[PDB]
>>> print(open('work-v8.txt').read())   # compact mmCIF, C-alpha atoms and all ligand atoms
# COMPACT_ATOMS: atom_id res chain seq x y z
CA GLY A 18 -58.22 -65.77 -19.40
CA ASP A 19 -55.52 -63.00 -19.56
CA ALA A 20 -55.33 -62.56 -23.43
CA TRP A 21 -57.57 -59.45 -22.94
CA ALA A 22 -54.52 -57.91 -21.18
CA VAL A 23 -52.13 -58.29 -24.21
CA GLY A 24 -53.38 -55.04 -25.89
CA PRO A 25 -53.34 -52.81 -22.75
CA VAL A 26 -49.98 -54.19 -21.39
CA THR A 27 -48.26 -53.76 -24.86
CA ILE A 28 -49.51 -50.09 -25.04
CA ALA A 29 -48.45 -49.27 -21.39
CA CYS A 30 -44.98 -50.84 -22.05
CA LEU A 31 -44.38 -48.82 -25.28
CA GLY A 32 -45.75 -45.68 -23.58
CA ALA A 33 -43.42 -46.14 -20.52
CA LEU A 34 -40.48 -46.79 -22.91
CA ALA A 35 -41.37 -43.57 -24.88
CA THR A 36 -41.64 -41.57 -21.60
CA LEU A 37 -38.22 -42.80 -20.46
CA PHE A 38 -36.83 -41.84 -23.88
CA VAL A 39 -38.35 -38.28 -23.71
CA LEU A 40 -37.08 -37.85 -20.07
CA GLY A 41 -33.60 -39.04 -21.14
CA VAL A 42 -33.33 -36.60 -24.08
CA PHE A 43 -34.52 -33.74 -21.78
CA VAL A 44 -32.00 -34.57 -19.03
CA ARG A 45 -29.17 -35.09 -21.63
CA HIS A 46 -30.03 -31.54 -22.95
CA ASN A 47 -31.09 -30.15 -19.46
CA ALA A 48 -29.02 -26.93 -19.83
CA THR A 49 -30.11 -26.11 -23.44
CA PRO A 50 -32.69 -23.25 -24.01
CA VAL A 51 -35.58 -25.56 -25.24
CA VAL A 52 -35.43 -27.47 -21.90
CA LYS A 53 -34.75 -24.38 -19.67
CA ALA A 54 -37.09 -21.68 -21.15
CA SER A 55 -40.19 -23.94 -21.00
CA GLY A 56 -40.32 -23.79 -17.16
CA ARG A 57 -38.14 -26.94 -16.75
CA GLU A 58 -39.29 -28.24 -13.30
CA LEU A 59 -42.97 -28.34 -14.46
CA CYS A 60 -42.02 -30.37 -17.59
CA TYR A 61 -40.37 -33.01 -15.34
CA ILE A 62 -43.45 -33.18 -13.08
CA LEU A 63 -45.54 -33.66 -16.26
CA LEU A 64 -43.43 -36.62 -17.55
CA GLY A 65 -43.73 -38.23 -14.11
CA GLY A 66 -47.50 -37.86 -14.37
CA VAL A 67 -47.48 -39.30 -17.99
CA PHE A 68 -45.29 -42.31 -16.95
CA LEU A 69 -47.88 -42.93 -14.11
CA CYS A 70 -50.77 -43.02 -16.64
CA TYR A 71 -49.09 -45.95 -18.41
CA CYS A 72 -48.35 -47.62 -15.02
CA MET A 73 -52.04 -47.50 -14.14
CA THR A 74 -52.61 -50.33 -16.70
CA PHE A 75 -50.52 -52.79 -14.64
CA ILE A 76 -52.42 -51.89 -11.42
CA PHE A 77 -55.83 -52.45 -13.21
CA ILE A 78 -54.79 -55.70 -14.97
CA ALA A 79 -53.34 -57.09 -11.61
CA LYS A 80 -55.57 -59.32 -9.34
CA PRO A 81 -57.72 -57.25 -6.87
CA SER A 82 -56.00 -57.17 -3.48
CA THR A 83 -56.54 -54.67 -0.59
CA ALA A 84 -53.22 -53.06 -1.79
CA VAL A 85 -54.22 -53.20 -5.51
CA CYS A 86 -57.64 -51.59 -4.68
CA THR A 87 -55.85 -48.85 -2.59
CA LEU A 88 -53.47 -48.07 -5.48
CA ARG A 89 -56.28 -48.27 -8.11
CA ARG A 90 -58.26 -45.54 -6.23
CA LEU A 91 -55.12 -43.66 -5.14
CA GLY A 92 -53.26 -43.71 -8.52
CA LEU A 93 -56.04 -43.14 -11.11
CA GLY A 94 -57.02 -39.67 -9.85
CA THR A 95 -53.43 -38.69 -8.82
CA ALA A 96 -51.71 -39.70 -12.14
CA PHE A 97 -54.19 -37.42 -14.08
CA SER A 98 -53.93 -34.76 -11.31
CA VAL A 99 -50.09 -34.63 -11.67
CA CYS A 100 -50.52 -34.16 -15.53
CA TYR A 101 -53.16 -31.42 -15.39
CA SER A 102 -51.66 -29.53 -12.37
CA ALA A 103 -48.37 -29.30 -14.27
CA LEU A 104 -50.32 -28.13 -17.42
CA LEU A 105 -52.42 -25.56 -15.43
CA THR A 106 -49.30 -24.07 -13.67
CA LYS A 107 -47.45 -23.78 -17.07
CA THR A 108 -50.47 -21.88 -18.52
CA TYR A 109 -50.86 -19.74 -15.38
CA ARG A 110 -47.10 -18.78 -15.74
CA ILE A 111 -47.65 -17.68 -19.38
CA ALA A 112 -50.93 -15.79 -18.48
CA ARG A 113 -49.40 -13.99 -15.43
CA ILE A 114 -46.44 -12.66 -17.51
CA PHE A 115 -47.68 -12.16 -21.11
CA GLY A 116 -51.18 -11.67 -19.65
CA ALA A 117 -50.30 -8.27 -18.19
CA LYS A 118 -51.86 -5.25 -19.90
CA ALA A 119 -50.50 -1.68 -19.88
CA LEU A 120 -52.24 1.60 -20.89
CA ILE A 121 -50.34 4.79 -21.73
CA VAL A 122 -52.36 8.04 -21.93
CA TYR A 123 -50.23 11.06 -22.82
CA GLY A 124 -50.95 14.79 -23.22
CA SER A 125 -48.66 16.66 -25.70
CA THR A 126 -48.88 19.93 -27.68
CA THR A 127 -45.39 19.81 -29.33
CA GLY A 128 -45.04 15.97 -29.24
CA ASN A 129 -42.23 15.74 -26.64
CA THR A 130 -44.38 13.85 -24.01
CA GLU A 131 -45.71 11.80 -27.00
CA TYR A 132 -42.06 10.74 -27.81
CA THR A 133 -41.45 9.85 -24.13
CA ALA A 134 -44.70 7.80 -24.27
CA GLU A 135 -43.59 6.06 -27.53
CA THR A 136 -40.26 5.07 -25.83
CA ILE A 137 -41.98 3.72 -22.64
CA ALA A 138 -44.48 1.66 -24.76
CA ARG A 139 -41.69 0.07 -26.84
CA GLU A 140 -39.81 -0.81 -23.59
CA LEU A 141 -42.93 -2.35 -21.97
CA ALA A 142 -43.87 -4.48 -25.02
CA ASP A 143 -40.21 -5.67 -24.92
CA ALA A 144 -40.75 -6.38 -21.15
CA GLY A 145 -43.72 -8.68 -21.95
CA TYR A 146 -46.66 -6.22 -21.63
CA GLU A 147 -49.65 -5.87 -24.02
CA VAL A 148 -49.33 -2.05 -24.31
CA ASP A 149 -52.17 0.30 -25.35
CA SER A 150 -50.95 3.85 -26.14
CA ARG A 151 -53.53 6.66 -26.65
CA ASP A 152 -53.59 10.51 -26.77
CA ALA A 153 -55.70 12.38 -24.11
CA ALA A 154 -57.86 13.99 -26.91
CA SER A 155 -59.12 10.55 -28.12
CA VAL A 156 -59.78 9.03 -24.65
CA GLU A 157 -63.21 9.27 -22.93
CA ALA A 158 -63.07 9.47 -19.10
CA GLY A 159 -65.69 6.81 -18.24
CA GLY A 160 -64.20 3.38 -17.45
CA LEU A 161 -60.89 4.15 -19.21
CA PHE A 162 -58.51 2.23 -16.88
CA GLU A 163 -60.70 -0.96 -16.46
CA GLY A 164 -59.00 -4.26 -17.33
CA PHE A 165 -55.43 -2.84 -17.29
CA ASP A 166 -52.76 -4.33 -15.00
CA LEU A 167 -50.65 -1.10 -15.28
CA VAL A 168 -51.46 2.48 -16.36
CA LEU A 169 -48.99 5.34 -17.19
CA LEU A 170 -50.24 8.92 -17.44
CA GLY A 171 -48.11 11.42 -19.37
CA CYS A 172 -48.68 15.20 -19.49
CA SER A 173 -46.70 18.44 -20.02
CA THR A 174 -46.76 21.60 -17.82
CA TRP A 175 -48.02 25.00 -19.08
CA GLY A 176 -49.38 28.33 -17.75
CA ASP A 177 -47.81 31.80 -17.83
CA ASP A 178 -48.84 32.70 -14.18
CA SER A 179 -49.13 29.30 -12.37
CA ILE A 180 -49.11 25.49 -12.98
CA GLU A 181 -51.41 24.48 -15.89
CA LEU A 182 -52.02 21.06 -17.42
CA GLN A 183 -51.68 20.25 -21.17
CA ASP A 184 -55.02 21.08 -22.97
CA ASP A 185 -55.98 17.49 -24.03
CA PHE A 186 -55.34 16.20 -20.44
CA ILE A 187 -57.50 18.77 -18.45
CA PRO A 188 -60.94 17.07 -19.25
CA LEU A 189 -59.35 13.72 -18.27
CA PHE A 190 -57.88 15.18 -15.01
CA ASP A 191 -61.18 16.83 -13.88
CA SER A 192 -63.21 13.58 -14.37
CA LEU A 193 -60.52 11.15 -13.13
CA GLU A 194 -62.99 9.87 -10.42
CA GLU A 195 -64.89 7.88 -13.10
CA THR A 196 -61.79 6.19 -14.65
CA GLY A 197 -61.25 3.10 -12.40
CA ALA A 198 -58.21 4.63 -10.56
CA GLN A 199 -58.84 3.16 -7.02
CA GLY A 200 -56.60 0.14 -6.36
CA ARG A 201 -54.83 0.53 -9.72
CA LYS A 202 -51.06 0.38 -10.10
CA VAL A 203 -50.12 3.76 -11.65
CA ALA A 204 -47.07 5.87 -12.60
CA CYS A 205 -46.76 9.40 -14.05
CA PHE A 206 -44.42 11.07 -16.53
CA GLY A 207 -44.02 14.35 -18.33
CA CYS A 208 -41.87 17.03 -19.87
CA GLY A 209 -41.05 20.44 -18.45
CA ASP A 210 -38.33 23.09 -18.31
CA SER A 211 -36.10 23.97 -15.30
CA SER A 212 -36.27 27.63 -16.50
CA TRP A 213 -39.82 27.63 -14.95
CA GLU A 214 -40.47 27.90 -11.18
CA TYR A 215 -42.75 24.84 -11.08
CA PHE A 216 -40.70 22.23 -12.98
CA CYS A 217 -43.11 19.43 -14.09
CA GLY A 218 -45.98 20.78 -11.94
CA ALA A 219 -48.44 18.78 -14.11
CA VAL A 220 -46.81 15.41 -12.97
CA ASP A 221 -47.27 16.63 -9.30
CA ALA A 222 -50.97 17.60 -9.86
CA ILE A 223 -51.83 14.18 -11.47
CA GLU A 224 -49.86 12.20 -8.81
CA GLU A 225 -51.68 14.01 -5.97
CA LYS A 226 -55.16 13.49 -7.52
CA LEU A 227 -54.39 9.76 -8.03
CA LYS A 228 -53.23 9.46 -4.32
CA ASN A 229 -56.62 10.94 -3.29
CA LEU A 230 -58.43 8.57 -5.69
CA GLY A 231 -56.85 5.53 -3.99
CA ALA A 232 -54.47 4.49 -6.80
CA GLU A 233 -51.27 2.54 -6.03
CA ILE A 234 -48.50 4.99 -7.08
CA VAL A 235 -45.81 2.40 -8.10
CA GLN A 236 -43.08 5.00 -8.67
CA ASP A 237 -42.07 8.65 -8.27
CA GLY A 238 -43.08 10.26 -11.60
CA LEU A 239 -40.63 10.77 -14.44
CA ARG A 240 -39.65 14.46 -14.97
CA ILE A 241 -37.92 15.13 -18.33
CA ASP A 242 -36.10 18.48 -18.60
CA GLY A 243 -35.87 19.85 -22.15
CA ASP A 244 -35.58 17.53 -25.20
CA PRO A 245 -36.65 13.92 -24.33
CA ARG A 246 -34.49 12.59 -27.23
CA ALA A 247 -31.38 13.49 -25.15
CA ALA A 248 -32.92 11.73 -22.06
CA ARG A 249 -33.45 8.25 -23.64
CA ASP A 250 -31.24 6.62 -20.89
CA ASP A 251 -33.35 8.32 -18.17
CA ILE A 252 -36.64 7.37 -19.97
CA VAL A 253 -35.60 3.73 -20.62
CA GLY A 254 -34.09 3.52 -17.10
CA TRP A 255 -37.45 4.61 -15.58
CA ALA A 256 -39.46 2.17 -17.80
CA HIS A 257 -37.14 -0.57 -16.44
CA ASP A 258 -38.11 0.21 -12.84
CA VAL A 259 -41.82 0.58 -13.83
CA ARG A 260 -42.04 -2.92 -15.50
CA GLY A 261 -41.28 -4.53 -12.09
CA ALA A 262 -44.89 -3.97 -10.94
CA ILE A 263 -46.91 -6.94 -12.15
CA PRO A 264 -44.07 -9.51 -11.70
CA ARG A 265 -42.56 -10.67 -15.03
CA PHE A 266 -40.93 -13.59 -13.24
CA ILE A 267 -42.18 -16.63 -11.33
CA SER A 268 -39.46 -18.55 -9.49
CA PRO A 269 -39.06 -22.27 -10.42
CA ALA A 270 -39.56 -22.85 -6.64
CA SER A 271 -42.92 -20.92 -6.80
CA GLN A 272 -43.98 -22.89 -9.95
CA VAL A 273 -43.48 -26.23 -8.13
CA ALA A 274 -45.34 -24.78 -5.09
CA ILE A 275 -48.56 -24.02 -7.12
CA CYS A 276 -48.30 -27.36 -8.96
CA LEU A 277 -47.75 -29.29 -5.71
CA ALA A 278 -50.73 -27.54 -4.07
CA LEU A 279 -53.04 -28.48 -7.01
CA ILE A 280 -51.84 -32.17 -6.70
CA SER A 281 -52.35 -32.00 -2.84
CA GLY A 282 -56.04 -31.10 -3.38
CA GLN A 283 -56.67 -34.34 -5.29
CA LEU A 284 -54.63 -36.38 -2.74
CA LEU A 285 -56.79 -34.93 0.06
CA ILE A 286 -59.93 -36.16 -1.80
CA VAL A 287 -58.51 -39.59 -2.69
CA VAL A 288 -57.07 -40.27 0.84
CA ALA A 289 -60.25 -38.90 2.57
CA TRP A 290 -62.34 -41.54 0.71
CA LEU A 291 -59.81 -44.38 1.40
CA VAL A 292 -60.15 -43.54 5.14
CA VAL A 293 -64.01 -43.53 5.25
CA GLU A 294 -64.41 -46.40 2.64
CA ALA A 295 -61.59 -48.90 3.46
CA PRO A 296 -60.19 -50.73 0.39
CA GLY A 297 -60.76 -54.49 -0.04
CA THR A 298 -62.00 -57.36 -2.26
CA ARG A 313 -63.38 -57.72 -7.33
CA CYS A 314 -62.59 -54.29 -5.67
CA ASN A 315 -65.06 -53.24 -2.86
CA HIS A 316 -65.62 -49.60 -3.99
CA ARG A 317 -66.14 -49.46 -7.80
CA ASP A 318 -69.18 -47.11 -7.25
CA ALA A 319 -68.89 -43.31 -6.54
CA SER A 320 -65.51 -43.44 -4.65
CA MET A 321 -63.78 -41.74 -7.64
CA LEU A 322 -66.62 -39.19 -8.24
CA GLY A 323 -64.95 -36.42 -6.18
CA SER A 324 -61.56 -37.40 -7.68
CA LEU A 325 -63.15 -37.10 -11.21
CA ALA A 326 -64.80 -33.70 -10.41
CA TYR A 327 -61.39 -32.29 -9.28
CA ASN A 328 -59.72 -33.41 -12.55
CA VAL A 329 -62.73 -32.18 -14.64
CA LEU A 330 -62.20 -28.76 -12.92
CA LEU A 331 -58.38 -28.81 -13.59
CA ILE A 332 -58.87 -29.72 -17.34
CA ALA A 333 -61.70 -27.16 -17.87
CA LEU A 334 -59.57 -24.42 -16.18
CA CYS A 335 -56.48 -25.47 -18.15
CA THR A 336 -58.35 -25.45 -21.54
CA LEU A 337 -59.83 -21.93 -20.80
CA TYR A 338 -56.36 -20.53 -19.93
CA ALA A 339 -54.68 -22.40 -22.87
CA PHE A 340 -57.20 -20.86 -25.32
CA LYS A 341 -56.63 -17.39 -23.82
CA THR A 342 -52.78 -17.81 -24.05
CA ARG A 343 -52.76 -19.51 -27.58
CA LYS A 344 -51.17 -16.50 -29.45
CA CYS A 345 -48.06 -16.36 -27.15
CA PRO A 346 -44.85 -17.14 -29.19
CA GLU A 347 -42.49 -17.81 -26.18
CA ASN A 348 -40.42 -21.04 -25.98
CA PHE A 349 -41.16 -22.11 -29.61
CA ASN A 350 -44.97 -21.40 -29.53
CA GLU A 351 -45.40 -23.74 -26.46
CA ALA A 352 -48.80 -22.13 -25.58
CA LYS A 353 -50.18 -23.43 -28.95
CA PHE A 354 -49.07 -27.03 -28.14
CA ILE A 355 -50.41 -26.79 -24.52
CA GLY A 356 -53.65 -25.63 -26.21
CA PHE A 357 -53.68 -28.67 -28.55
CA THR A 358 -53.02 -31.22 -25.78
CA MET A 359 -56.00 -29.75 -23.81
CA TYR A 360 -58.45 -29.70 -26.77
CA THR A 361 -57.58 -33.38 -27.49
CA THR A 362 -58.02 -34.22 -23.75
CA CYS A 363 -61.59 -32.73 -23.87
CA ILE A 364 -62.35 -34.87 -27.00
CA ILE A 365 -60.94 -38.03 -25.22
CA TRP A 366 -62.72 -37.45 -21.86
CA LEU A 367 -66.07 -36.51 -23.47
CA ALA A 368 -65.93 -39.62 -25.74
CA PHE A 369 -64.94 -42.23 -23.14
CA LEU A 370 -67.63 -41.08 -20.59
CA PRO A 371 -70.50 -42.77 -22.61
CA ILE A 372 -68.13 -45.73 -23.39
CA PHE A 373 -67.65 -46.48 -19.64
CA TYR A 374 -71.44 -46.24 -19.15
CA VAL A 375 -72.37 -48.71 -21.97
CA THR A 376 -69.45 -51.18 -21.13
CA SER A 377 -70.34 -51.29 -17.35
CA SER A 378 -71.91 -54.82 -17.71
CA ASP A 379 -68.58 -56.40 -18.84
CA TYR A 380 -65.69 -55.90 -16.41
CA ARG A 381 -63.04 -57.03 -18.96
CA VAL A 382 -64.27 -54.57 -21.66
CA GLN A 383 -64.70 -51.86 -18.90
CA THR A 384 -61.09 -52.35 -17.59
CA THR A 385 -59.61 -52.65 -21.16
CA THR A 386 -61.30 -49.32 -22.16
CA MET A 387 -60.05 -47.68 -18.91
CA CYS A 388 -56.48 -48.83 -19.73
CA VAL A 389 -56.60 -47.73 -23.44
CA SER A 390 -58.06 -44.28 -22.59
CA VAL A 391 -55.72 -43.56 -19.60
CA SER A 392 -52.82 -44.47 -21.98
CA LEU A 393 -54.30 -42.29 -24.83
CA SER A 394 -54.59 -39.31 -22.40
CA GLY A 395 -50.90 -39.76 -21.61
CA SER A 396 -50.09 -40.21 -25.33
CA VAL A 397 -51.53 -36.84 -26.40
CA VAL A 398 -49.24 -35.08 -23.87
CA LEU A 399 -46.15 -36.77 -25.39
CA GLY A 400 -47.36 -36.45 -28.99
CA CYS A 401 -48.59 -32.83 -28.77
CA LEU A 402 -46.30 -31.10 -26.26
CA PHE A 403 -43.01 -33.09 -26.25
CA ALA A 404 -42.79 -34.39 -29.89
CA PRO A 405 -42.35 -30.81 -31.36
CA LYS A 406 -39.85 -30.06 -28.53
CA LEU A 407 -37.92 -33.33 -29.25
CA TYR A 408 -37.84 -32.48 -32.99
CA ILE A 409 -35.97 -29.18 -32.28
CA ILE A 410 -33.65 -30.86 -29.71
CA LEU A 411 -32.69 -33.92 -31.85
CA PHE A 412 -33.01 -32.73 -35.49
CA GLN A 413 -32.62 -28.91 -35.32
CA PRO A 414 -29.75 -28.30 -32.76
CA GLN A 415 -28.88 -24.89 -34.39
CA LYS A 416 -32.33 -23.70 -33.13
CA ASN A 417 -31.44 -24.99 -29.60
CA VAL A 418 -28.45 -22.67 -28.75
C1 LIG A 501 -46.07 29.07 -21.99
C2 LIG A 501 -45.34 27.86 -21.46
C3 LIG A 501 -45.46 27.52 -20.11
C4 LIG A 501 -44.74 26.46 -19.55
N1 LIG A 501 -44.83 26.24 -18.18
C5 LIG A 501 -44.08 25.30 -17.66
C6 LIG A 501 -44.06 25.17 -16.22
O1 LIG A 501 -44.68 25.87 -15.43
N2 LIG A 501 -43.18 24.20 -15.76
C7 LIG A 501 -42.33 23.41 -16.55
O2 LIG A 501 -41.52 22.66 -16.01
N3 LIG A 501 -42.36 23.54 -17.91
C8 LIG A 501 -43.18 24.44 -18.44
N4 LIG A 501 -43.14 24.65 -19.79
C9 LIG A 501 -42.29 23.76 -20.61
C10 LIG A 501 -43.03 22.74 -21.47
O3 LIG A 501 -43.77 21.83 -20.64
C11 LIG A 501 -42.04 22.05 -22.40
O4 LIG A 501 -41.85 22.90 -23.52
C12 LIG A 501 -42.35 20.63 -22.88
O5 LIG A 501 -41.16 20.00 -23.35
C13 LIG A 501 -43.47 20.53 -23.89
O6 LIG A 501 -43.86 19.15 -23.98
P1 LIG A 501 -45.09 18.67 -24.91
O7 LIG A 501 -44.57 18.69 -26.34
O8 LIG A 501 -45.34 17.24 -24.57
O9 LIG A 501 -46.28 19.55 -24.72
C14 LIG A 501 -43.90 25.69 -20.39
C15 LIG A 501 -43.79 26.02 -21.74
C16 LIG A 501 -44.49 27.09 -22.28
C17 LIG A 501 -44.28 27.44 -23.73
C1 LIG A 502 -64.76 -42.41 -12.12
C2 LIG A 502 -63.45 -43.21 -12.43
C3 LIG A 502 -62.49 -42.27 -13.19
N1 LIG A 502 -61.90 -41.32 -12.40
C4 LIG A 502 -61.03 -40.48 -13.00
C5 LIG A 502 -60.40 -39.45 -12.14
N2 LIG A 502 -60.29 -39.75 -10.81
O1 LIG A 502 -59.99 -38.38 -12.60
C6 LIG A 502 -60.69 -40.52 -14.36
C7 LIG A 502 -61.30 -41.47 -15.17
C8 LIG A 502 -60.97 -41.40 -16.59
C9 LIG A 502 -61.40 -40.28 -17.34
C10 LIG A 502 -61.10 -40.19 -18.70
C11 LIG A 502 -60.36 -41.23 -19.30
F1 LIG A 502 -60.09 -41.16 -20.57
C12 LIG A 502 -59.91 -42.35 -18.60
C13 LIG A 502 -60.23 -42.43 -17.24
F2 LIG A 502 -59.89 -43.54 -16.60
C14 LIG A 502 -62.24 -42.40 -14.61
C15 LIG A 502 -62.96 -43.45 -15.46
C16 LIG A 502 -64.03 -44.26 -14.66
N3 LIG A 502 -63.67 -44.49 -13.21
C17 LIG A 502 -64.47 -45.62 -12.59
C18 LIG A 502 -64.22 -45.87 -11.11
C19 LIG A 502 -65.05 -45.59 -10.02
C20 LIG A 502 -64.42 -46.14 -8.87
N4 LIG A 502 -63.23 -46.74 -9.20
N5 LIG A 502 -63.09 -46.58 -10.56
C21 LIG A 502 -61.89 -47.07 -11.26
>>> encode(input="work-v8.txt", output="structure tokens")
Amino acid sequence: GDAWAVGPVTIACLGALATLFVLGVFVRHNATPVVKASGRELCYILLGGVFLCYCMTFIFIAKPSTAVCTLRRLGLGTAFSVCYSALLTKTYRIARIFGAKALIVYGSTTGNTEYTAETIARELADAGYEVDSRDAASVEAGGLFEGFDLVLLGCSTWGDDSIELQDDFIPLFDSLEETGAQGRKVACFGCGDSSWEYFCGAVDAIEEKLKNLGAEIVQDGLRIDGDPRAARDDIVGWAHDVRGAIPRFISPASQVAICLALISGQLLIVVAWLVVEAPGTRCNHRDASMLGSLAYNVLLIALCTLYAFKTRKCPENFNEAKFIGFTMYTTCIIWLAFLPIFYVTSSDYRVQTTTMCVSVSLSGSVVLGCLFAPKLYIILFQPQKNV
């Protein structure tokens, strides 16, 4: 009769208990770095989603009613949508910040502008950028700026009659049209001497050509007078203002906005089909009412796995990106394995519903077991690491 529901209900109960435990430990330690650095708000939205996956079991084991059918269609897509929107936004946050790529191309004869470049690069990698420093002799003009979020061009001033660019930088300057400059966020730097009429004339020449090319000049170029080693405060100070180009911060309020929008998209699909195809009684629409709902979640997961794989090497918040990666790879394995299972068990409603319950629970279990279990281990057993 209802013995088929012992297995699913036991799982859902233990899973809801485990989710309330994980929430509790997180809230108890809400101000500690492990809980704050991870993009806190998103982690709460995720546990809510996971708790809902376990709650789905009760709604599927309960007797079909117009309300039960509404909630079955409403909840199944939404519960998963809450999980994967939280996971996508977390990955987007990592990608947007540690994603950003900077390129520094310097021109130096005595290595002063090279030192200034070496200081800026260290500061930017510390800021979160994936810096790529190169000398103007090594660089080839064609497609040199492509795929870089930020580009810094360093060069010294020469000439014994007028402004002259550093020798390695002249071939780059003359063929700057074929570099990818238009629309690119740029900044210039260089070393000169105030004993010369045109102090850092090279910086001026490069800034003006970039303006003409259609580049986004982020800041007034850095002009180092004399020894750059004595201007470290000026050079680091400038690199601090430069780094605030591709934003290195996403507000918790903005994180919940993106997440909430991605949930809203599924809710629009699931409500739109409840309006056209009214719920009723077994449940009236067990056909292709959840097809759109499924496509939306298949998109979210695929997107999330692609971003998670791209962000896998990021060490921030105790290698979180690695564990977000693992939860997504396991989700793909689950989803791709249960798809033929639902097809072959379509003849038996009890087996079909039991499988649905087990798999929805399993999907929720890999989020707890892969993302939260390593976080809970540091919180509860390694407190010295959480301070
Ligand atoms: C012949 C010569 C011409 C220079 N012309 C200028 C100039 O017009 N304006 C300027 O501000 N500095 C000028 N300088 C100063 C250099 O740019 C300065 O020595 C700089 O620190 C060298 O940096 P680098 O090692 O990166 O090439 C000139 C230096 C020399 C030796
Ligand atoms: C198409 C729908 C569905 N929709 C979503 C979805 N909306 O994201 C997820 C799953 C699902 C995927 C992976 C897993 F492991 C467990 C799961 F439940 C399923 C499973 C079968 N189901 C049948 C159906 C049609 C109409 N009513 N129902 C109840």
>>> closest_atom_pairs(input="work-v8.txt", of="chain A", to="ligand LIG 501 (chain A)", cutoff="8 Å", atoms="all atoms listed in the file", output="Markdown table")
| residue | atom | partner | partner_atom | distance |
| --- | --- | --- | --- | --- |
| A:124 | CA | A:LIG501 | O8 | 6.3 |
| A:125 | CA | A:LIG501 | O8 | 3.6 |
| A:126 | CA | A:LIG501 | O9 | 4.0 |
| A:127 | CA | A:LIG501 | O7 | 3.3 |
| A:128 | CA | A:LIG501 | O7 | 4.0 |
| A:129 | CA | A:LIG501 | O7 | 3.8 |
| A:130 | CA | A:LIG501 | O8 | 3.6 |
| A:131 | CA | A:LIG501 | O8 | 6.0 |
| A:132 | CA | A:LIG501 | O8 | 8.0 |
| A:172 | CA | A:LIG501 | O8 | 6.4 |
| A:173 | CA | A:LIG501 | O3 | 4.5 |
| A:174 | CA | A:LIG501 | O3 | 4.1 |
| A:175 | CA | A:LIG501 | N1 | 3.5 |
| A:176 | CA | A:LIG501 | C3 | 4.6 |
| A:177 | CA | A:LIG501 | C1 | 5.3 |
| A:179 | CA | A:LIG501 | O1 | 6.4 |
| A:180 | CA | A:LIG501 | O1 | 5.1 |
| A:181 | CA | A:LIG501 | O1 | 6.9 |
| A:183 | CA | A:LIG501 | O9 | 6.5 |
| A:207 | CA | A:LIG501 | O8 | 7.0 |
| A:208 | CA | A:LIG501 | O5 | 4.6 |
| A:209 | CA | A:LIG501 | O2 | 3.3 |
| A:210 | CA | A:LIG501 | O2 | 4.0 |
| A:211 | CA | A:LIG501 | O2 | 5.6 |
| A:212 | CA | A:LIG501 | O2 | 7.2 |
| A:213 | CA | A:LIG501 | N2 | 4.9 |
| A:214 | CA | A:LIG501 | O1 | 6.3 |
| A:215 | CA | A:LIG501 | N2 | 4.7 |
| A:216 | CA | A:LIG501 | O2 | 3.2 |
| A:217 | CA | A:LIG501 | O2 | 4.1 |
| A:218 | CA | A:LIG501 | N2 | 5.8 |
| A:219 | CA | A:LIG501 | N2 | 7.7 |
| A:241 | CA | A:LIG501 | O5 | 7.7 |
| A:242 | CA | A:LIG501 | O5 | 7.1 |
| A:243 | CA | A:LIG501 | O5 | 5.4 |
| A:244 | CA | A:LIG501 | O5 | 6.4 |
| A:245 | CA | A:LIG501 | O5 | 7.6 |
>>> residues_near_point(input="work-v8.txt", point="(-47.1, -26.9, -4.7)", cutoff="12 Å", atoms="only C-alpha atoms", output="PyMOL selection string")
chain A and resi 58-59+62+99+102-103+106+269-282
>>> residues_around(input="work-v8.txt", residues="residue 406 of chain A", least_positions_apart="5", cutoff="9 Å", atoms="all atoms listed in the file", output="JSON, numbers by chain")
{"A": [51, 52, 349, 351, 411]}
>>> residues_around(input="work-v8.txt", residues="segment 372-380 of chain A", least_positions_apart="3", cutoff="12 Å", atoms="only C-alpha atoms", output="PDB file with C-alpha atoms, keeping the file's coordinate frame")
ATOM      1  CA  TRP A  21     -57.570 -59.450 -22.940  1.00  0.00           C
ATOM      2  CA  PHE A  77     -55.830 -52.450 -13.210  1.00  0.00           C
ATOM      3  CA  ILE A  78     -54.790 -55.700 -14.970  1.00  0.00           C
ATOM      4  CA  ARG A 313     -63.380 -57.720  -7.330  1.00  0.00           C
ATOM      5  CA  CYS A 314     -62.590 -54.290  -5.670  1.00  0.00           C
ATOM      6  CA  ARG A 317     -66.140 -49.460  -7.800  1.00  0.00           C
ATOM      7  CA  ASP A 318     -69.180 -47.110  -7.250  1.00  0.00           C
ATOM      8  CA  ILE A 365     -60.940 -38.030 -25.220  1.00  0.00           C
ATOM      9  CA  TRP A 366     -62.720 -37.450 -21.860  1.00  0.00           C
ATOM     10  CA  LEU A 367     -66.070 -36.510 -23.470  1.00  0.00           C
ATOM     11  CA  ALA A 368     -65.930 -39.620 -25.740  1.00  0.00           C
ATOM     12  CA  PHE A 369     -64.940 -42.230 -23.140  1.00  0.00           C
ATOM     13  CA  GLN A 383     -64.700 -51.860 -18.900  1.00  0.00           C
ATOM     14  CA  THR A 384     -61.090 -52.350 -17.590  1.00  0.00           C
ATOM     15  CA  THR A 385     -59.610 -52.650 -21.160  1.00  0.00           C
ATOM     16  CA  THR A 386     -61.300 -49.320 -22.160  1.00  0.00           C
ATOM     17  CA  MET A 387     -60.050 -47.680 -18.910  1.00  0.00           C
ATOM     18  CA  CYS A 388     -56.480 -48.830 -19.730  1.00  0.00           C
ATOM     19  CA  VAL A 389     -56.600 -47.730 -23.440  1.00  0.00           C
ATOM     20  CA  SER A 390     -58.060 -44.280 -22.590  1.00  0.00           C
TER      21      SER A 390
END
